file model.cif (mmCIF, C-alpha atoms)
data_input
loop_
_atom_site.label_atom_id
_atom_site.label_comp_id
_atom_site.auth_asym_id
_atom_site.auth_seq_id
_atom_site.Cartn_x
_atom_site.Cartn_y
_atom_site.Cartn_z
CA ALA A 1 0.00 0.00 0.00
CA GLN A 2 1.74 3.14 1.32
CA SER A 3 5.29 3.08 2.74
CA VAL A 4 7.57 5.21 4.97
CA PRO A 5 10.95 5.46 3.58
CA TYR A 6 13.80 4.65 6.03
CA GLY A 7 15.53 8.10 5.72
CA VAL A 8 12.30 10.05 6.41
CA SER A 9 11.75 8.77 10.04
CA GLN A 10 15.56 8.86 10.51
CA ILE A 11 15.84 12.49 10.57
CA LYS A 12 12.24 13.06 11.90
CA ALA A 13 9.97 15.09 9.59
CA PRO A 14 7.13 12.95 10.97
CA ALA A 15 7.79 14.64 14.41
CA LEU A 16 6.84 17.87 12.58
CA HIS A 17 4.30 16.04 10.49
CA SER A 18 2.15 14.78 13.46
CA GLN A 19 2.67 18.24 15.02
CA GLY A 20 0.52 19.42 11.99
CA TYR A 21 3.22 21.16 9.88
CA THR A 22 3.93 19.78 6.40
CA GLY A 23 4.88 23.06 4.56
CA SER A 24 1.36 23.78 3.03
CA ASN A 25 2.15 27.40 2.10
CA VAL A 26 5.88 26.63 1.25
CA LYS A 27 7.50 26.51 -2.02
CA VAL A 28 10.51 24.27 -2.91
CA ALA A 29 11.69 24.52 -6.53
CA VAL A 30 13.02 21.27 -7.69
CA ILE A 31 16.01 22.25 -9.95
CA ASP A 32 16.56 19.11 -11.99
CA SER A 33 15.30 17.63 -15.25
CA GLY A 34 11.50 17.08 -14.67
CA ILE A 35 8.55 15.86 -12.70
CA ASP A 36 5.70 13.61 -14.18
CA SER A 37 2.52 15.31 -13.29
CA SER A 38 0.31 12.17 -13.95
CA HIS A 39 2.46 10.47 -11.06
CA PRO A 40 -0.20 9.31 -8.44
CA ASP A 41 2.02 10.26 -5.66
CA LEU A 42 2.89 13.78 -6.88
CA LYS A 43 1.01 17.15 -6.81
CA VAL A 44 2.98 19.65 -8.69
CA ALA A 45 2.07 23.15 -8.40
CA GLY A 46 3.80 24.47 -11.40
CA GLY A 47 7.28 25.58 -12.77
CA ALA A 48 8.93 26.12 -16.15
CA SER A 49 11.64 24.95 -18.29
CA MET A 50 15.02 26.61 -18.87
CA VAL A 51 15.91 24.19 -21.43
CA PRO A 52 15.57 25.53 -24.91
CA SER A 53 14.54 22.39 -26.86
CA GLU A 54 12.26 20.72 -24.14
CA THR A 55 8.84 22.51 -24.14
CA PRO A 56 7.22 20.63 -21.20
CA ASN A 57 8.62 21.25 -17.91
CA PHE A 58 6.56 18.20 -16.94
CA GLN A 59 8.54 15.71 -19.04
CA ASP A 60 11.15 13.87 -17.38
CA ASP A 61 13.26 11.42 -19.52
CA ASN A 62 16.17 11.34 -17.07
CA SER A 63 13.99 10.16 -14.13
CA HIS A 64 15.88 11.97 -11.49
CA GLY A 65 13.54 15.04 -11.42
CA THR A 66 10.60 12.79 -10.20
CA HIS A 67 13.00 10.64 -8.01
CA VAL A 68 14.12 13.68 -6.11
CA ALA A 69 10.67 15.40 -5.99
CA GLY A 70 9.68 12.35 -3.85
CA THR A 71 11.84 12.50 -0.72
CA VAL A 72 10.70 16.08 -0.83
CA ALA A 73 6.94 15.23 -1.24
CA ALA A 74 5.22 11.93 -2.40
CA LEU A 75 1.47 11.37 -1.66
CA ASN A 76 -0.66 11.58 1.50
CA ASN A 77 -3.06 8.58 1.06
CA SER A 78 -2.97 4.83 0.41
CA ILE A 79 -0.46 4.42 -2.48
CA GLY A 80 3.41 4.57 -2.94
CA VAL A 81 5.46 6.33 -0.31
CA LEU A 82 5.83 9.31 1.87
CA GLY A 83 7.32 12.62 1.20
CA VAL A 84 9.13 14.76 3.60
CA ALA A 85 7.53 18.12 2.89
CA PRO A 86 4.53 16.28 1.95
CA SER A 87 2.53 19.47 1.73
CA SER A 88 4.74 21.96 -0.11
CA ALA A 89 3.81 23.86 -3.12
CA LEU A 90 6.38 22.30 -5.50
CA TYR A 91 7.71 24.05 -8.48
CA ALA A 92 8.94 21.97 -11.37
CA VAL A 93 11.91 23.92 -12.76
CA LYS A 94 13.70 22.24 -15.49
CA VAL A 95 17.40 23.05 -16.43
CA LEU A 96 18.75 19.64 -17.18
CA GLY A 97 18.87 18.08 -20.52
CA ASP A 98 17.93 14.52 -21.14
CA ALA A 99 21.08 12.45 -21.01
CA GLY A 100 22.49 14.86 -18.67
CA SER A 101 22.53 18.29 -20.41
CA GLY A 102 24.88 20.63 -18.30
CA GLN A 103 24.43 24.21 -19.53
CA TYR A 104 25.40 26.54 -16.73
CA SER A 105 23.55 29.25 -18.43
CA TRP A 106 20.35 27.02 -17.98
CA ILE A 107 21.13 26.65 -14.29
CA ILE A 108 21.36 30.43 -13.57
CA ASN A 109 18.15 31.58 -15.47
CA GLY A 110 16.56 28.58 -13.48
CA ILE A 111 17.52 30.24 -10.09
CA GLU A 112 16.05 33.34 -11.75
CA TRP A 113 12.63 32.24 -12.50
CA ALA A 114 12.80 30.95 -9.01
CA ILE A 115 13.63 34.46 -7.62
CA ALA A 116 10.95 35.95 -9.73
CA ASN A 117 8.00 33.85 -8.18
CA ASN A 118 9.04 34.07 -4.69
CA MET A 119 10.46 30.55 -3.94
CA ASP A 120 11.15 30.06 -0.17
CA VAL A 121 13.24 27.00 -0.52
CA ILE A 122 15.66 26.31 -3.41
CA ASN A 123 16.94 22.70 -4.29
CA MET A 124 19.59 21.94 -6.78
CA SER A 125 20.62 18.17 -6.47
CA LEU A 126 23.29 18.82 -9.22
CA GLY A 127 26.73 20.60 -9.32
CA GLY A 128 30.18 20.16 -11.01
CA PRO A 129 33.96 20.18 -10.65
CA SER A 130 34.23 23.76 -12.27
CA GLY A 131 32.42 26.87 -11.26
CA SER A 132 31.71 30.24 -12.74
CA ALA A 133 31.56 33.77 -11.73
CA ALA A 134 27.71 34.15 -12.44
CA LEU A 135 26.70 30.89 -10.76
CA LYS A 136 27.95 32.16 -7.46
CA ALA A 137 26.55 35.60 -8.42
CA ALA A 138 23.03 34.30 -8.48
CA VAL A 139 23.59 31.85 -5.84
CA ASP A 140 24.17 34.91 -3.67
CA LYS A 141 21.06 36.69 -5.03
CA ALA A 142 18.50 33.95 -3.96
CA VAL A 143 19.60 33.99 -0.39
CA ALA A 144 19.91 37.76 -0.57
CA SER A 145 16.25 38.15 -1.41
CA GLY A 146 15.49 35.40 1.17
CA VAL A 147 15.72 31.99 -0.41
CA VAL A 148 17.45 29.10 1.25
CA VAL A 149 19.64 27.52 -1.37
CA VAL A 150 20.14 23.78 -0.80
CA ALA A 151 22.34 21.44 -3.02
CA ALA A 152 24.01 18.22 -3.37
CA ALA A 153 27.71 18.64 -2.31
CA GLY A 154 28.61 16.06 -4.71
CA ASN A 155 29.45 12.37 -5.38
CA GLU A 156 33.37 12.28 -5.40
CA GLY A 157 35.18 10.84 -2.41
CA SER A 158 38.67 11.55 -1.30
CA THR A 159 41.51 12.65 -3.68
CA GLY A 160 44.03 13.22 -0.99
CA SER A 161 42.65 16.02 1.30
CA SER A 162 41.85 18.84 -1.08
CA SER A 163 38.16 19.16 -1.79
CA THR A 164 35.64 17.40 -4.01
CA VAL A 165 32.46 19.33 -3.16
CA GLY A 166 31.37 20.76 -6.29
CA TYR A 167 29.75 23.90 -7.45
CA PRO A 168 27.30 25.59 -6.46
CA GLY A 169 27.58 23.53 -3.24
CA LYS A 170 31.24 25.00 -2.41
CA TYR A 171 30.05 28.44 -2.52
CA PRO A 172 29.27 29.40 1.12
CA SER A 173 25.70 30.79 0.87
CA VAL A 174 24.60 27.29 0.26
CA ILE A 175 23.74 24.28 2.35
CA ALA A 176 25.66 21.36 0.89
CA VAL A 177 24.52 17.78 1.71
CA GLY A 178 26.69 14.91 2.22
CA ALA A 179 25.03 11.28 2.35
CA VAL A 180 24.94 9.05 5.25
CA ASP A 181 23.16 5.61 5.64
CA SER A 182 20.70 4.53 8.26
CA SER A 183 23.73 3.73 10.58
CA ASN A 184 24.96 7.36 10.04
CA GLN A 185 28.26 6.07 8.42
CA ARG A 186 29.20 8.47 5.67
CA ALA A 187 28.69 6.89 2.30
CA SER A 188 31.95 6.06 0.44
CA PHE A 189 30.89 8.30 -2.47
CA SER A 190 30.02 11.39 -0.51
CA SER A 191 32.30 14.37 -1.33
CA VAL A 192 34.57 15.84 1.50
CA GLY A 193 35.27 19.40 2.08
CA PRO A 194 35.29 22.41 4.39
CA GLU A 195 32.38 23.54 2.44
CA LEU A 196 30.43 20.44 3.49
CA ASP A 197 27.54 21.81 5.71
CA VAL A 198 25.37 18.79 6.86
CA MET A 199 24.95 15.13 6.35
CA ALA A 200 21.71 13.31 5.13
CA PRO A 201 20.02 10.30 4.06
CA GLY A 202 21.77 9.47 0.65
CA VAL A 203 21.96 5.61 0.45
CA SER A 204 19.27 3.46 -0.96
CA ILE A 205 16.68 6.31 -0.63
CA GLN A 206 13.62 5.10 -2.46
CA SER A 207 11.42 7.47 -4.32
CA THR A 208 9.00 8.15 -7.18
CA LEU A 209 9.69 7.06 -10.73
CA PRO A 210 7.59 7.64 -13.85
CA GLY A 211 4.88 5.26 -15.22
CA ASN A 212 3.03 4.50 -12.16
CA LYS A 213 6.22 3.51 -10.43
CA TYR A 214 8.84 4.18 -7.58
CA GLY A 215 12.47 3.14 -7.12
CA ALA A 216 15.67 3.64 -5.19
CA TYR A 217 18.92 5.63 -5.69
CA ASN A 218 22.27 6.23 -3.92
CA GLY A 219 23.22 9.94 -4.28
CA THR A 220 24.44 12.94 -2.54
CA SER A 221 21.55 14.13 -4.61
CA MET A 222 18.80 11.89 -2.79
CA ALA A 223 20.06 13.37 0.48
CA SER A 224 19.89 16.86 -0.68
CA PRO A 225 16.08 16.40 -0.96
CA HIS A 226 15.66 15.31 2.71
CA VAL A 227 17.44 18.44 3.70
CA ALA A 228 15.28 20.95 1.60
CA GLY A 229 12.03 19.77 3.13
CA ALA A 230 13.03 19.70 6.78
CA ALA A 231 13.36 23.39 5.90
CA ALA A 232 9.92 23.79 4.36
CA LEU A 233 8.30 22.66 7.16
CA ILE A 234 10.74 24.51 9.42
CA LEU A 235 9.33 27.45 7.59
CA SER A 236 5.76 26.16 7.86
CA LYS A 237 5.96 26.42 11.66
CA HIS A 238 8.04 29.61 11.75
CA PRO A 239 6.85 30.93 8.46
CA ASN A 240 7.88 34.37 9.52
CA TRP A 241 11.49 33.26 10.10
CA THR A 242 14.33 34.73 8.01
CA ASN A 243 16.06 32.86 5.15
CA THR A 244 19.02 33.13 7.58
CA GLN A 245 17.03 32.48 10.76
CA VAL A 246 16.63 29.21 8.99
CA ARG A 247 20.14 28.15 7.94
CA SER A 248 21.09 28.84 11.53
CA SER A 249 18.42 26.65 13.15
CA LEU A 250 19.73 24.01 10.78
CA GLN A 251 23.45 24.20 11.30
CA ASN A 252 23.17 24.26 15.06
CA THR A 253 20.80 21.38 15.93
CA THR A 254 21.88 18.37 13.96
CA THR A 255 23.18 15.17 15.30
CA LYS A 256 27.09 15.23 15.36
CA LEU A 257 28.42 12.44 13.15
CA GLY A 258 32.18 12.63 12.86
CA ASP A 259 34.80 14.98 11.90
CA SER A 260 33.52 18.10 10.11
CA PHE A 261 35.23 17.35 6.66
CA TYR A 262 33.48 13.91 5.99
CA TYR A 263 30.40 14.90 8.04
CA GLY A 264 29.95 18.69 8.33
CA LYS A 265 27.65 19.56 11.27
CA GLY A 266 26.43 16.01 11.19
CA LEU A 267 22.74 14.99 10.85
CA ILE A 268 19.93 17.40 10.40
CA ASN A 269 17.17 17.09 12.92
CA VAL A 270 13.85 18.56 11.84
CA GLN A 271 12.56 18.35 15.38
CA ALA A 272 15.53 20.04 17.06
CA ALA A 273 15.63 22.86 14.17
CA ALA A 274 11.91 23.19 14.02
CA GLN A 275 11.07 23.80 17.69
#
call {"tool": "encode", "arguments": {"input": "model.cif", "output": "structure tokens"}}
result
Amino acid sequence: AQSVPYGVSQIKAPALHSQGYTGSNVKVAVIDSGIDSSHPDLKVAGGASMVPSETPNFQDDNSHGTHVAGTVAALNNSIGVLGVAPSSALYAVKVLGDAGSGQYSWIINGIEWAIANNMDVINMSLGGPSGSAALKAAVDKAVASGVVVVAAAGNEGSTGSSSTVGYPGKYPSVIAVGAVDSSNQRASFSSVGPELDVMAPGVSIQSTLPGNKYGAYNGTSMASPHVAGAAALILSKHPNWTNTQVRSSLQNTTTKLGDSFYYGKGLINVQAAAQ
């Protein structure tokens, strides 16, 4: 029937959930490649595409769009699983190409559109080994206005001690998510860096998949979605709170996991950060 995903209880959205807050009047933009709107677990509120050749923003070939948009917010009924901002207003913003189309200029005008309709929560479960002057220009802008910009830190590992968190995650106005498992070990593929902010549910995180389906993925970019929603709902309770009031209540309440550079602050606790 309907199933609670191991990472959702493990941070504790459902403490906030049975408290009544699910992020009804919150919006998370899911900055990926799509979001099937005929998926029985998803209610998408709207969005757009920033990909030139891909009309529908509600066409996801690459499958990750939908996958991600499900730790964030699958159903509330008797089918599939259980999202973690299960009540958000969710904005399908497309900037990825099928196959994996990487145009940085797609990425930026994506934050944009996001700025322009008042997004409260921003989620980018992408990034790369090179940056760009603009990227981190905008990146500043969304938080400036008052958006909380949340990304995947990235899926490298070590390479000695320098740092494999990628862009826009490395740029400090962002909350970069490292993956842990249910035993709060950091996943061998989770990037390491100074610039690593918190740790989250990234291994075998099962979510929504097109054609009446669901499935599971290992990703610094499956954790990144837990993280974004704790925040919704943080906001749902303290909807008056600043974009910064919020980062703060997030950095300083996790669960400590292990040295800062594999783990960051450790594990994000929705119930501690919420109140």
call {"tool": "residues_around", "arguments": {"input": "model.cif", "residues": "region 78-91 of chain A", "least_positions_apart": "4", "cutoff": "9 Å", "atoms": "only C-alpha atoms", "output": "ChimeraX atom specification"}}
result
/A:1-5,8,13-14,17,21-31,40-41,43-48,69-74,114,119,206-208,213-214,225-226,228-233
call {"tool": "residues_near_point", "arguments": {"input": "model.cif", "point": "(19.5, 24.0, -16.5)", "cutoff": "8 Å", "atoms": "all atoms listed in the file", "output": "list in words"}}
result
residues 31, 32, 33, 50, 51, 94, 95, 96, 97, 101, 102, 103, 104, 105, 106, 107, 108, 109 and 110 of chain A
call {"tool": "residues_around", "arguments": {"input": "model.cif", "residues": "residue 147 (chain A)", "least_positions_apart": "5", "cutoff": "6 Å", "atoms": "all atoms listed in the file", "output": "ChimeraX atom specification"}}
result
/A:120-121,142,243
call {"tool": "write_last_selection", "arguments": {"input": "model.cif", "atoms": "C-alpha atoms", "output": "compact mmCIF listing (two decimals), in the frame of the given file"}}
result
# COMPACT_ATOMS: atom_id res chain seq x y z
CA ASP A 120 11.15 30.06 -0.17
CA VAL A 121 13.24 27.00 -0.52
CA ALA A 142 18.50 33.95 -3.96
CA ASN A 243 16.06 32.86 5.15
call {"tool": "closest_residue", "arguments": {"input": "model.cif", "among": "A:201, A:56, A:266, A:168", "to": "residue 252 (chain A)", "atoms": "all atoms listed in the file"}}
result
A:266
call {"tool": "resolve_selection", "arguments": {"input": "model.cif", "expression": "the PyMOL selection byres ((chain A and resi 199) around 10)", "output": "PyMOL selection string"}}
result
chain A and resi 153+176-181+184-187+190+196-198+200-202+220+223-224+226-227+254-257+260+262-268
call {"tool": "closest_residue", "arguments": {"input": "model.cif", "among": "A:193, A:52, A:129, A:146", "to": "residue 160 (chain A)", "atoms": "all atoms listed in the file"}}
result
A:193
call {"tool": "closest_residue", "arguments": {"input": "model.cif", "among": "A:145, A:234, A:42, A:7", "to": "residue 118 (chain A)", "atoms": "all atoms listed in the file"}}
result
A:145
call {"tool": "closest_residue", "arguments": {"input": "model.cif", "among": "A:126, A:133, A:274, A:192", "to": "residue 65 (chain A)", "atoms": "only C-alpha atoms"}}
result
A:126
call {"tool": "atom_distance", "arguments": {"input": "model.cif", "atom1": "CA of residue 36 (chain A)", "atom2": "CA of residue 19 (chain A)"}}
result
29.7 Å
call {"tool": "atom_distance", "arguments": {"input": "model.cif", "atom1": "CA of residue 253 (chain A)", "atom2": "CA of residue 128 (chain A)"}}
result
28.6 Å
call {"tool": "closest_residue", "arguments": {"input": "model.cif", "among": "A:154, A:219, A:239, A:211", "to": "residue 127 (chain A)", "atoms": "only C-alpha atoms"}}
result
A:154
call {"tool": "atom_distance", "arguments": {"input": "model.cif", "atom1": "CA of residue 258 (chain A)", "atom2": "CA of residue 183 (chain A)"}}
result
12.5 Å
call {"tool": "closest_residue", "arguments": {"input": "model.cif", "among": "A:111, A:150, A:270, A:205", "to": "residue 135 (chain A)", "atoms": "only C-alpha atoms"}}
result
A:111
call {"tool": "residues_around", "arguments": {"input": "model.cif", "residues": "residue 139 (chain A)", "least_positions_apart": "4", "cutoff": "10 Å", "atoms": "all atoms listed in the file", "output": "list in words"}}
result
residues 108, 111, 112, 122, 134, 135, 143, 144, 147, 148, 149, 168, 169, 171, 172, 173 and 174 of chain A
call {"tool": "decode", "arguments": {"input": "model.cif", "residues": "region 50-113 of chain A", "atoms": "C-alpha atoms", "output": "CSV table (one decimal), in the first residue's frame"}}
result
chain,number,residue,atom,x,y,z
A,50,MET,CA,15.0,26.6,-18.9
A,51,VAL,CA,15.9,24.2,-21.4
A,52,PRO,CA,15.6,25.5,-24.9
A,53,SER,CA,14.5,22.4,-26.9
A,54,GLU,CA,12.3,20.7,-24.1
A,55,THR,CA,8.8,22.5,-24.1
A,56,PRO,CA,7.2,20.6,-21.2
A,57,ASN,CA,8.6,21.3,-17.9
A,58,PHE,CA,6.6,18.2,-16.9
A,59,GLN,CA,8.5,15.7,-19.0
A,60,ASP,CA,11.2,13.9,-17.4
A,61,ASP,CA,13.3,11.4,-19.5
A,62,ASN,CA,16.2,11.3,-17.1
A,63,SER,CA,14.0,10.2,-14.1
A,64,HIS,CA,15.9,12.0,-11.5
A,65,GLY,CA,13.5,15.0,-11.4
A,66,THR,CA,10.6,12.8,-10.2
A,67,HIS,CA,13.0,10.6,-8.0
A,68,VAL,CA,14.1,13.7,-6.1
A,69,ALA,CA,10.7,15.4,-6.0
A,70,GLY,CA,9.7,12.3,-3.9
A,71,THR,CA,11.8,12.5,-0.7
A,72,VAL,CA,10.7,16.1,-0.8
A,73,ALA,CA,6.9,15.2,-1.2
A,74,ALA,CA,5.2,11.9,-2.4
A,75,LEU,CA,1.5,11.4,-1.7
A,76,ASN,CA,-0.7,11.6,1.5
A,77,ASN,CA,-3.1,8.6,1.1
A,78,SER,CA,-3.0,4.8,0.4
A,79,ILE,CA,-0.5,4.4,-2.5
A,80,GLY,CA,3.4,4.6,-2.9
A,81,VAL,CA,5.5,6.3,-0.3
A,82,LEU,CA,5.8,9.3,1.9
A,83,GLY,CA,7.3,12.6,1.2
A,84,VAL,CA,9.1,14.8,3.6
A,85,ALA,CA,7.5,18.1,2.9
A,86,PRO,CA,4.5,16.3,1.9
A,87,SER,CA,2.5,19.5,1.7
A,88,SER,CA,4.7,22.0,-0.1
A,89,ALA,CA,3.8,23.9,-3.1
A,90,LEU,CA,6.4,22.3,-5.5
A,91,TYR,CA,7.7,24.1,-8.5
A,92,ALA,CA,8.9,22.0,-11.4
A,93,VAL,CA,11.9,23.9,-12.8
A,94,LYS,CA,13.7,22.2,-15.5
A,95,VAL,CA,17.4,23.1,-16.4
A,96,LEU,CA,18.8,19.6,-17.2
A,97,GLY,CA,18.9,18.1,-20.5
A,98,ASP,CA,17.9,14.5,-21.1
A,99,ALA,CA,21.1,12.4,-21.0
A,100,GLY,CA,22.5,14.9,-18.7
A,101,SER,CA,22.5,18.3,-20.4
A,102,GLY,CA,24.9,20.6,-18.3
A,103,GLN,CA,24.4,24.2,-19.5
A,104,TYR,CA,25.4,26.5,-16.7
A,105,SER,CA,23.6,29.2,-18.4
A,106,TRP,CA,20.3,27.0,-18.0
A,107,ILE,CA,21.1,26.6,-14.3
A,108,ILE,CA,21.4,30.4,-13.6
A,109,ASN,CA,18.2,31.6,-15.5
A,110,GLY,CA,16.6,28.6,-13.5
A,111,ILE,CA,17.5,30.2,-10.1
A,112,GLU,CA,16.0,33.3,-11.7
A,113,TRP,CA,12.6,32.2,-12.5
